[PDB]
Every structure is written in structure tokens, then in C-alpha cells.
Amino acid sequence: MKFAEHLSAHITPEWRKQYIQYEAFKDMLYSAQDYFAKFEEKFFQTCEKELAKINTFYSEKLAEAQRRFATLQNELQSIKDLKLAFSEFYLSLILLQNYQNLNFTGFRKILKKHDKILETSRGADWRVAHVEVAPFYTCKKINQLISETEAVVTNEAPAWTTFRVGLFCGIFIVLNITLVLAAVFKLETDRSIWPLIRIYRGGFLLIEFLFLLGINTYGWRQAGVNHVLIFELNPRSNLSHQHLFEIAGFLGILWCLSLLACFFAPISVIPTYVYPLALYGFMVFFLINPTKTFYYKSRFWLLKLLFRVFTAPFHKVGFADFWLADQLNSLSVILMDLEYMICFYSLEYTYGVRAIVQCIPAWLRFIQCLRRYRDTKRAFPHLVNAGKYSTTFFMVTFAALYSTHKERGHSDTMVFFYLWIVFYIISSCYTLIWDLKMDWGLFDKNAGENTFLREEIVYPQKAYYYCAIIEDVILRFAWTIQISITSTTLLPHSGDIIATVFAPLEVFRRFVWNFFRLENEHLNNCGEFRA
Amino acid sequence: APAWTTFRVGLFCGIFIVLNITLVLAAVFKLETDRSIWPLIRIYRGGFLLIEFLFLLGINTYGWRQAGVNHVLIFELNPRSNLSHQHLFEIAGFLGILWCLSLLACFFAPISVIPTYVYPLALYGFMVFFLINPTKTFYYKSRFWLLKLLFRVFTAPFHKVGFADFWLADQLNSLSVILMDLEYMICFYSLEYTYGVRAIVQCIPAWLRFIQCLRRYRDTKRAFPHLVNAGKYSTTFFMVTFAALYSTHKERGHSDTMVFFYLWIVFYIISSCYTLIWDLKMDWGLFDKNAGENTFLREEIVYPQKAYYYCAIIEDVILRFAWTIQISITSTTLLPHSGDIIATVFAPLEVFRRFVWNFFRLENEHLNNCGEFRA
């Protein structure tokens with residue numbers, strides 16, 4: 001996946017002969033590599049003057065734009081045709097910037113290969129002084145003109161991957177139909193199904209999550225909100241929705257098959273209890289594959305993000321860190337399932353370990369918020385966010401103490417229940433207000449025509465926001481109660497059922513919340529992550 | 001093709017793959033039926049040899065498009081409404097999903113309120129309704145064109161003989177078992193070869209093709225090679241008729257069966273050899289006099305790898321022998337019990353033969369003008 005192929009897609013057909021021969025430049029190094037002192041110095045210098053000719057074209061465009069733009073304003077003041085004129089110029093602006101920056105990545109990798117041939121320090125410092133501070137970076141007039149036009153007028157995927165998505169989605173839907181049929185017809189056995197549907201819930205809470213990030217990226221891209229710059233990915237490559245849909249469908253197939261095998265009775269040599277282990281082991285291996293296949297770039301990026309987030313205090317916080325920390329805050333059911341599986345398979349909550357593994361993601365997020373406060377050194381909204389996330393620890397620990405007292409029979413159970421319901425109310429209201437105010441930006445003072453919405457809107461129909469608001473109000477109450485029950489306070493038998501039927505709703509809440517969080521981050525700048 | 005139709009192809013192909021796996025598993029495990037049912041729900045063969053035909057026609061159009069041969073000019077389709085291979089694969093997958101679901105429902109035991117004999121009827125009625133849909137959706141243009149072409153073919157002597165007419169006439173010449181299975185369905189649902197129907201309805205495609213050729217000859221007045229083609233297609237008439245006569249003769253049991261079989265086998269060998277020679281020389285143009293570097297190939301070739309030709313030639317040689325024996329045996333001379341499995345395991349191979357023949361016929365017809373159909 002070298003950049004030479006990538007640029008070949010974005011090279012203007014008309015200016016094909018005007019692009020530099022970077023691809024041919026790479027070859028000659030290998031041939032010259034695959035008397036020493038004096039022959040080498042001079043021929044290196046021929047790579048500098050070549051860029052001058054191309055540099056001429058961008059410079060002259062600045063003068064042309066001003067002269068061309070000014071004249072047509074007067075005549076217009078004194079419909080479809082008028083707008084078509086500016087389309088050509090706007091498109092050409094973008095690719096000029098693409099050429100400039102992405103050219104940096106090329107020579108640097110190749111330069112160091114020959115640097116060690118002679119084992120000298122002069123070559124390394126040669127480029128530092130005469131490249132970085134070149135005046136090419138002092139051009140800023142481009143941005144000024146873009147904004148001027150808008151103010152005046154307004155105020156006054158490859159076929160093959162799509163086929164793969166279709167294949168996986170079809171096999172997944174039919175596998176679901178078969179699984180439902182088998183569950184409803186061929187499960188008359190009574191062997192405590194719950195220790196199965198609990199361990200296998202940690203597949204659904206992730207398959208749903210990726211199937212939902214699919215639609216999430218769909219909405220992000222084809223709605224006018226850029227999801228690449230803020231996520232600081234490489235603009236060169238991007239995972240469209242189709243890629244996420246196929247990656248999620250693959251794990252969906254490898255989950256449905258394992259579940260089915262656990263349901264039916266394959267060859268007796270294979271015990272019934274090994275399939276979940278095989279499935280989760282394969283998933284972990286697929287995540288941690290050290291080879292160069294199966295979307296190694298994205299997997300490596302995600303692995304690096306996980307490493308950075310799970311030891312947040314020692315690493316600077318970007319946006320991706322916060323986003324994944326929050327997603328893990330919501331997907332605590334996956335951690336609970338993993339811990340339960342480990343304990344179950346080691347044995348066949350004693351020391352409250354279930355509480356610890358339930359609160360771990362809130363710990364990550366809270367420590368990340370504290371680190372952000374330390375770096376930025378401003379109280380608001382960082383300590384407010386920290387307190388919001390600390391309410392989760394308070395909730396879980398207080399519920400655990402209440403359950404322990406209830407088991408012991410101490411008379412303080414009533415007071416513990418009272419203070420616990422108080423904590424429920426405060427934390428639910430506080431997190432809801434926070435989510436509606438800062439994470440989305442809704443309920444602003446300056447919104448007259450849109451009523452209780454942002455001053456500027458992005459998604460087409462306000463009904464979307466209006467329904468999503470009530471959805472979040474009625475579902476955020478489910479999150480805290482779900483975690484409280486999963487803390488197995490009392491939970492005689494009917495707690496796991498409610499937890500299982502509610503966790504997917506929590507993932508759905510995260511889907512909506514993601515929609516609006518990134519919309520807000522692009523429109524306004526709520527978190528000071530940019531500039 | 002548009003992204004959405006590619007996704008639909010993915011969906012239908014995936015559901016088809018899993019349905020096939022389920023069908024194999026259900027047949028191997030959940031078939032607790034020792035009653036003689038197998039050779040009475042072996043009438044879904046008549047839909048299987050249509051599903052596979054549609055898949056292979058999709059592959060044919062893809063191969064034509066990629067290799068370079070233009071299938072649109074020859075098939076006199078409007079260039080603004082071409083049917084790229086994705087559409088064919090999608091529609092074939094859809095029909096395959098319907099077929100698999102029907103067979104599955106028949107295998108299992110759903111609510112007893114409905115009988116087990118209605119599923120094949122429902123599937124075939126759905127297929128015909130979809131084909132003849134009077135609405136303006138679901139490829140209304142292509143379906144209407146196919147219907148008109150079918151009308152033209154079935155009444156070949158009356159209307160003009162175009163390339164599509166002859167091509168589909170040949171296609172139906174290969175797919176005789178579908179007509180045989182339609183006749184079987186009619187007879188079985190009536191009772192639930194007394195009149196020799198199993199032979200006439202099995203050779204009718206030969207009649208269509210032969211009379212079409214004769215009409216072309218009469219309207220053009222040139223024997224070479226229309227008369228030869230007529231002879232080739234009449235060999236099928238003779239084969240089937242003599243096979244039926246032998247069946248009746250053996251049933252009666254007089255003392256002429258040895259000579260009857262001698263002459264029948266002589267007729268078989270001569271007809272098969274002569275039709276193979278025709279297919280190789282007149283139809284395909286191979287073995288041209290002027291080909292030194294190409295050895296036994298045309299002076300011009302289109303498909304890159306010559307190994308494809310070197311394999312397909314021998315494949316046709318070895319499979320065309322199978323088609324004639326298959327038709328004779330489906331004519332059930334005596335074939336007490338060892339015929340209705342061989343016919344089934346051979347017919348899909350026959351459709352595969354017709355697939356490769358399509359490849360090379362259309363290639364040759366574009367390259368040369370073996371069919372006096374242009375200019």
C-alpha cells in the first residue's frame with residue numbers, strides 16, 4: 001500500500017505530465033545500491049531545483065483569483081449558470097494542498113536508507129535547516145477568500161467489498177433465522193441455559209456495536225460532517241462504512257456458527273463447552289494478528305489506541321482517546337462477560353471483583369478527564385465531567401454495600417436503600433443534563449427559528465433531534481439501573497434477564513449519542529481538541 | 001454496475017450458499033423416510049437446470065464483456081439498456097433462493113394444515129408469474145423482450161429468423177429435460193409413456209430449431225450450410241424415434257431386438273460424430289486451413305490463454321457423447337431403475353457443455369461471420 005499507487009488516483013488527467021517522477025525516483029536508489037568518498041556528494045543535490053517549476057503554477061493562481069473574482073461581482077449585483085462558475089476553482093484548490101503536504105512523506109523514508117551507507121552525520125542535518133523553514137508554508141491568503149464568498153451570499157467503495165458485504169449480511173440473516181428456529185424448537189434440554197446466554201452475550205454486545213458504527217459512519221459521511229480530520233486519521237486512507245459492515249458481518253458469522261454448534265450436537269469428540277473458547281480466542285487473535293493481511297493498518301491503529309487509552313495518565317489525550325474511553329464506559333457489559341468467563345473457566349464477586357471489573361472503564365474515563373484537566377489547567381468543564389463519571393463509582397460501590405448489608409441483615413439496609421435511590425436520581429439527572437448540554441450542545445440561548453435546538457443544524461429533519469432527545473431521556477435511566485443490577489445486588493433470578501435485554505439498548509443509546517457528539521464537535525468546538 | 005445491485009447479488013449469493021449447506025445437511029440427516037419419495041420429488045431437477053443455466057449465462061455475459069467480444073450488437077439489444085452480468089447473477093440468485101426454500105419446506109414438516117404436494121406447484125407458479133409479470137417493474141423491459149423472443153421462437157416458421165431467435169432455439173435444444181419435467185409434472189398431477197408423450201415432448205425443441213433452420217433456408221435459398229444443419233437436427237428425431245421403437249419392441253419381445261440395437265448404435269455413433277464435426281467446424285470455425293502458429297485453432301483468437309481452447313475442445317468431445325446417451329436413456333428403452341439417477345447426474349453436465357459452447361460460439365460469431373446474420 002505505497003503512496004505511489006494512492007496519488008495515481010488523484011492525479012489530474014490534464015496535468016498527468018506535470019507531476020514529479022517520484023515513482024521513478026525510487027527505483028534508481030536500489031540499482032545504485034544492490035573512490036567512495038568523492039563520487040557521492042554531488043549527485044545528491046539534483047533533487048532540489050526540480051520543484052521550482054511546479055511551484056510557479058500555484059503562485060500565479062493567487063493573482064488570477066483576485067482579478068477574476070472582483071469583476072464578476074459588480075455585474076451580478078447590477079441562477080444555475082452563476083453557481084457553476086465557482087465549481088472549477090474550488091475543486092482545484094483542494095488538490096494543490098494535497099500535493100504539497102503529502103509530498104513530504106515520500107523522500108523522508110528513502111533518504112535515511114542511504115544515510116547509513118557512509119555512516120556520517122552531515123547528511124541528516126542537511127535537510128532539517130533548508131526544508132522545514134522554507135517559505136512555502138507562509139501562504140495563508142487561500143483561507144481568507146473561501147470564507148468571504150459565503151458571508152455575502154447567505155446574509156444578503158469498490159464493487160468487490162460491496163459484494164462481500166452482501167455475502168456476509170445474507171449468511172448472517174439466514175443464520176439468525178436458523179438460530180431462532182433451533183432455539184425455539186430443539187432446546188427442550190434443561191441444563192441451566194443462562195451460563196450459556198451470559199457468556200455468549202459478549203459477542204452480541206460487540207457485533208451490534210460494529211453493525212451500528214457502520215450506519216454511524218454512513219450518517220457522518222453523507223451528511224456534511226467530516227469524520228476524518230477530527231479523528232486525526234490519515235486523509236490518504238479511510239474506512240468507509242462498507243468496510244465496517246463487512247468486518248462486523250464476519251464476526252457475526254463466526255459468532256452465529258459457534259452458537260449453533262453449542263446448540264446442536266456435533267461429533268461427540270468435540271465437547272460442548274469448547275466452542276465459546278474457540279470463538280473468543282479467534283476474535284482476540286484476529287484483533288492481534290501480527291501478519292500484514294486482514295486490514296493490518298486499521299487493526300494496528302486500533303491496537304495503538306487501546307494501548308494509549310488503557311494507560312491514559314502517562315499519555316497525551318487526543319480525541320480518539322476520549323471517544324474510545326467513552327465507548328468502553330458504555331460497553332462495560334463486554335468486560336463483565338469476559339471476567340465472568342474467566343472466573344467460570346477457572347473455577348468450574350467473592351471479593352467484589354465483579355464491581356471492580358464493572359467500574360474499570362469509568363476509571364479509565366475519569367483518569368483521562370483528570371489528565372486532560374492537568375494538561376489544560378482549566379477547571380471547567382473538566383472537573384464537572386470528572387464528577388459525572390465519578391458518580392458511577394459511587395453508585396456501584398453504594399449498591400454493593402447495600403446488597404452486602406441486606407445479606408448480613410443489618411438494620412441499616414433501609415437507610416442504604418434510601419441513600420442509594422438518592423444517588424440514582426442525582427447521577428441520572430446529572431449525566432442527562434451534561435449529555436444534553438455539552439456533549440450535544442442542545443438547549444442553547446441563540447435558537448429562535450429552531451426552537452430548542454442549536455443555532456445551526458446539520459441533519460435534515462429536526463424530527464430526528466426531537467425524537468432522539470426523548471429517547472436519550474428515557475434510555476439513560478436504563479443505563480444506571482442496568483449497571484446496578486449487573487452488580488448483582490440481590491438478583492435472585494430475574495436480574496440477568498433484564499441486564500441482557502437492556503444492554504443492547506445501551507449500545508443503541510451510544511449509537512445515537514455518537515451521531516450527535518461528532519456532529520457537535522464538527523459544528524462547534526465543545527472540547528478544546530483542535531486549534 | 002451500481003453499488004446497490006452488487007450488494008443484492010452478495011445477499012442472494014450468501015443466502016443461497018447457506019441454504020445449500022442446510023439442504024445437504026437435512027438430506028443427509030433429517031430424511032427419516034424409507035418410502036419411495038426420492039424419485040417423485042426429483043422434479044425440482046426441472047428448476048435446478050434453470051438456476052444453473054442462469055448462473056452460467058451470467059458468467060457467459062461477464063466473459064464476453066471482459067474478453068472484448070461485444071454481445072450487445074449481435075443480440076440486437078438497444079445499447080442504452082444493456083444487461084451487465086450483475087443483473088443476471090442477482091436474478092438467478094433470487095430464483096435459487098425460492099427454489100431452495102421450496103425444497104426445504106418440502107423436506108421438513110411444517111404445519112399440517114397445508115399438504116406437502118403444493119410446494120412445487122407454488123414455486124413453479126411463482127416463477128411463471130414473475131416471468132410474465134404485467135407490471136412495469138422487475139426488469140420489465142428485459143422480461144418483455146424475452147417474452148416476445150419466446151413467442152417468435154415457438155412460432156419460428158412464421159416470423160423472421162434473427163440471431164436471438166436461433167440462439168434461444170439452440171438453448172432450448174440443450175435444455176430438453178426441463179420440458180420433460182414439465183410434462184412429468186402435468187402427468188403426475190393429473191394422475192394424483194402411454195401415448196408416447198415422453199418422446200415427442202422431449203424432442204419438440206429439436207422440431208422448433210429444425211423448422212426454424214428450414215424456414216431460413218427457404219427464405220435465403222442456399223443449401224450450404226442450412227441443409228446440413230437440418231440434417232444434424234433431424235438426427236435427434238431419428239435417435240429418439242428409434243429409441244422409442246426399441247422400447248416398445250423389447251416390451252413386446254419379438255426376435256428383432258438384436259438388429260434393432262445394432263442399427264440404433266450405428267445411428268448413435270454416426271449422429272454424434274457428425275454433430276460434433278459440425279459444432280467444431282461450421283459453428284466454431286476451428287481447424288482453419290491458415291493457422292500455423294496457432295496449430296489447430298482459428299487464425300485469429302480473442303481469449304488470451306490457448307489452454308482454455310485446448311481443454312474445452314476435449315471437454316466438448318467427451319461430453320457431447322454424454323448428451324446423446326442421456327437423451328436416449330431418458331427415452332427409457334428398458335432402464336428399470338438405473339436411469340433416473342444417471343439422467344439427473346448428467347443433465348447439469350449438459351448445461352455446462354452448453355455454457356462453454358455459448359462462450360465459443362459467440363466469440364466466433366463476432367470474430368468471423370459464420371452466421372449470415374449481419375451485413
# chains A, B, ... in the order shown; residues from 1 in each chain; ligands from 1
>>> interface_residues(of="chain A", to="chain B", cutoff="7 Å", atoms="only C-alpha atoms", output="tab-separated table (two decimals) with N, CA and C atoms, in the first residue's frame")
chain	number	residue	atom	x	y	z
A	159	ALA	N	-16.43	-2.39	-5.91
A	159	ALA	CA	-17.51	-3.35	-6.10
A	159	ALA	C	-17.28	-4.62	-5.29
A	162	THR	N	-18.28	-4.40	-1.63
A	162	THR	CA	-19.73	-4.36	-1.51
A	162	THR	C	-20.33	-5.75	-1.69
A	163	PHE	N	-19.81	-6.52	-2.65
A	163	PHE	CA	-20.27	-7.89	-2.79
A	163	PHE	C	-20.00	-8.70	-1.54
A	164	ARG	N	-18.82	-8.51	-0.94
A	164	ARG	CA	-18.52	-9.23	0.30
A	164	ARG	C	-19.49	-8.83	1.40
A	165	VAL	N	-19.84	-7.54	1.48
A	165	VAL	CA	-20.82	-7.11	2.47
A	165	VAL	C	-22.13	-7.84	2.25
A	166	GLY	N	-22.56	-7.91	0.99
A	166	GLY	CA	-23.79	-8.63	0.70
A	166	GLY	C	-23.72	-10.08	1.12
A	167	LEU	N	-22.61	-10.75	0.80
A	167	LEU	CA	-22.46	-12.15	1.16
A	167	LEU	C	-22.57	-12.34	2.66
A	168	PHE	N	-21.78	-11.59	3.42
A	168	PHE	CA	-21.77	-11.78	4.87
A	168	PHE	C	-23.11	-11.42	5.48
A	169	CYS	N	-23.75	-10.35	4.99
A	169	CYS	CA	-25.04	-9.97	5.56
A	169	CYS	C	-26.10	-11.02	5.28
A	170	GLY	N	-26.11	-11.59	4.07
A	170	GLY	CA	-27.08	-12.63	3.77
A	170	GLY	C	-26.87	-13.87	4.62
A	171	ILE	N	-25.62	-14.34	4.71
A	171	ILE	CA	-25.38	-15.51	5.54
A	171	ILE	C	-25.73	-15.20	6.98
A	174	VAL	N	-29.72	-15.27	7.43
A	174	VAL	CA	-30.24	-16.64	7.43
A	174	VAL	C	-29.74	-17.43	8.63
>>> residues_around(residues="residue 513 (chain A)", least_positions_apart="6", cutoff="9 Å", atoms="only C-alpha atoms", output="list in words")
residues 435, 439, 440, 468 and 472 of chain A
>>> residues_around(residues="residue 363 (chain B)", least_positions_apart="3", cutoff="8 Å", atoms="only C-alpha atoms", output="ChimeraX atom specification")
/B:64,69,302,359-360,366-367
>>> write_last_selection(atoms="N, CA and C atoms", output="JSON list (two decimals), in the first residue's frame")
[["chain", "number", "residue", "atom", "x", "y", "z"],
["B", 64, "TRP", "N", -17.89, -12.49, -22.05],
["B", 64, "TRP", "CA", -17.96, -11.73, -23.29],
["B", 64, "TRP", "C", -17.55, -10.28, -23.06],
["B", 69, "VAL", "N", -15.29, -9.35, -26.82],
["B", 69, "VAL", "CA", -16.38, -9.60, -27.75],
["B", 69, "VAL", "C", -17.62, -8.86, -27.28],
["B", 302, "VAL", "N", -9.27, -14.60, -29.58],
["B", 302, "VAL", "CA", -9.60, -13.48, -28.70],
["B", 302, "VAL", "C", -9.26, -13.78, -27.25],
["B", 359, "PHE", "N", -19.89, -19.63, -24.86],
["B", 359, "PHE", "CA", -18.65, -18.88, -24.88],
["B", 359, "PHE", "C", -18.10, -18.83, -26.30],
["B", 360, "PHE", "N", -17.78, -20.00, -26.83],
["B", 360, "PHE", "CA", -17.01, -20.04, -28.06],
["B", 360, "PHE", "C", -17.85, -19.70, -29.29],
["B", 366, "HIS", "N", -18.77, -13.19, -33.42],
["B", 366, "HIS", "CA", -18.24, -11.84, -33.51],
["B", 366, "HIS", "C", -17.03, -11.78, -34.42],
["B", 367, "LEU", "N", -16.07, -12.68, -34.22],
["B", 367, "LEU", "CA", -14.82, -12.60, -34.97],
["B", 367, "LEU", "C", -15.09, -12.73, -36.47]]
>>> residues_around(residues="region 279-287 of chain A", least_positions_apart="5", cutoff="8 Å", atoms="only C-alpha atoms", output="PyMOL selection string")
chain A and resi 251+254-255+258+299+303
>>> write_last_selection(atoms="N, CA and C atoms", output="PDB file, in the first residue's frame")
ATOM      1  N   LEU A 251     -17.413 -11.235  11.976  1.00  0.00           N
ATOM      2  CA  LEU A 251     -17.513 -11.681  13.359  1.00  0.00           C
ATOM      3  C   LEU A 251     -18.920 -12.158  13.680  1.00  0.00           C
ATOM      4  N   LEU A 254     -18.935 -15.713  12.523  1.00  0.00           N
ATOM      5  CA  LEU A 254     -18.131 -16.547  13.406  1.00  0.00           C
ATOM      6  C   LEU A 254     -18.694 -16.621  14.813  1.00  0.00           C
ATOM      7  N   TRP A 255     -19.664 -15.779  15.144  1.00  0.00           N
ATOM      8  CA  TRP A 255     -20.394 -15.906  16.393  1.00  0.00           C
ATOM      9  C   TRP A 255     -21.607 -16.809  16.240  1.00  0.00           C
ATOM     10  N   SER A 258     -20.535 -20.497  16.030  1.00  0.00           N
ATOM     11  CA  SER A 258     -20.147 -21.058  17.317  1.00  0.00           C
ATOM     12  C   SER A 258     -21.368 -21.301  18.188  1.00  0.00           C
ATOM     13  N   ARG A 299      -6.302  -2.397  12.112  1.00  0.00           N
ATOM     14  CA  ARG A 299      -6.128  -3.161  13.338  1.00  0.00           C
ATOM     15  C   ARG A 299      -4.992  -2.591  14.171  1.00  0.00           C
ATOM     16  N   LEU A 303      -5.225  -1.061  17.889  1.00  0.00           N
ATOM     17  CA  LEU A 303      -4.417  -1.601  18.973  1.00  0.00           C
ATOM     18  C   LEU A 303      -3.627  -0.498  19.656  1.00  0.00           C
TER      19      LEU A 303
END
>>> residues_around(residues="residue 187 (chain A)", least_positions_apart="3", cutoff="9 Å", atoms="only C-alpha atoms", output="ChimeraX atom specification")
/A:182-184,190,263-264
>>> atom_distance(atom1="CA of residue 324 (chain A)", atom2="CA of residue 433 (chain A)")
21.4 Å
>>> residues_around(residues="residue 197 (chain B)", least_positions_apart="3", cutoff="10 Å", atoms="only C-alpha atoms", output="list in words")
residues 180, 183, 184, 187, 193, 194, 200, 201, 202 and 203 of chain B
>>> write_last_selection(atoms="N, CA and C atoms", output="CSV table (one decimal), in the first residue's frame")
chain,number,residue,atom,x,y,z
B,180,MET,N,-39.2,-32.1,-20.4
B,180,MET,CA,-39.6,-33.4,-19.9
B,180,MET,C,-40.2,-33.4,-18.5
B,183,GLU,N,-43.6,-31.9,-18.5
B,183,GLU,CA,-44.6,-33.0,-18.9
B,183,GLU,C,-44.8,-34.0,-17.7
B,184,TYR,N,-43.7,-34.3,-17.0
B,184,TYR,CA,-43.9,-35.2,-15.9
B,184,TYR,C,-44.8,-34.6,-14.8
B,187,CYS,N,-48.4,-34.8,-15.9
B,187,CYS,CA,-49.0,-36.2,-15.9
B,187,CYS,C,-49.2,-36.6,-14.4
B,193,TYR,N,-45.2,-43.5,-20.6
B,193,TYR,CA,-45.5,-43.0,-22.0
B,193,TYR,C,-46.6,-43.8,-22.6
B,194,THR,N,-47.8,-43.7,-22.1
B,194,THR,CA,-49.0,-44.4,-22.6
B,194,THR,C,-49.2,-43.9,-24.1
B,200,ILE,N,-42.2,-37.2,-27.9
B,200,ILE,CA,-42.5,-36.0,-28.7
B,200,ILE,C,-42.2,-34.8,-27.9
B,201,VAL,N,-42.6,-34.7,-26.6
B,201,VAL,CA,-42.4,-33.5,-25.8
B,201,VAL,C,-40.9,-33.4,-25.4
B,202,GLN,N,-40.1,-34.5,-25.6
B,202,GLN,CA,-38.7,-34.5,-25.3
B,202,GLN,C,-37.9,-34.0,-26.5
B,203,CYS,N,-38.5,-34.2,-27.7
B,203,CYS,CA,-37.8,-33.8,-28.9
B,203,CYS,C,-38.4,-32.5,-29.5
>>> residues_around(residues="residue 413 (chain A)", least_positions_apart="3", cutoff="12 Å", atoms="only C-alpha atoms", output="PyMOL selection string")
chain A and resi 398-410+416-420
